[PDB]
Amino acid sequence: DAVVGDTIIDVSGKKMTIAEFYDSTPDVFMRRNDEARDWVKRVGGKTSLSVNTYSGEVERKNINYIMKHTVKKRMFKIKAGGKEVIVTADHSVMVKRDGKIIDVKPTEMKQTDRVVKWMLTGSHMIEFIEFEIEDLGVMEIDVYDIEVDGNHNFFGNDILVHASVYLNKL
């Protein structure tokens, strides 16, 4: 589960696509299987924006890992505030539901849910906004994820999505 490679992310305050960020990251592999088309790289010295789901505050946190997998999966577009993010069906988007920020699959969203969108104006850095969903069908596609320390979410095209955690198990 992940987002598409053209998704724009914050890397230490600069903007780039997540695929560009993956390609720019040195080949320090935590996991590599070319046949399964599955890669995890360690990241050093980079941060991104996230939301603390307990305090509700935006926090800048270290990026620990970046992942790339080529998948054949059902894809959904989340549209909110003139921005959009394309995610796999198995990947969680963050929503404000009943006063709490939680992770939900694109197939399980409610009409009363709101997505969390980055803001360029006003005293608040985020807004909770109505949204639409579009089913893009099944695609064979490179998808990417980052592990964000502590908060396990990140903004893709200004929309908050759940991050993966790679547990460095062994």
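Throughout, we count residues from 1 along the sequence that is shown.
- Two stretches are in play, 14-22 and 158-166, and the higher mean C-alpha B-factor belongs to 158-166.
- Higher mean CA temperature factor between 106-114 and 122-130: 122-130, per the PDB entry.
- The PDB entry assigns its highest CA temperature factor, among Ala80, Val71, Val95, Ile86, to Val71.
- Sort the modelled residues of the chain by CA B factor and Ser50 lands in the lowest third.
- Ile66: CA B factor in the lowest third of modelled residues in this chain (values from the PDB entry).
- In the deposited entry, the Cα temperature factor of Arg37 places it in the highest third of its chain's modelled residues.
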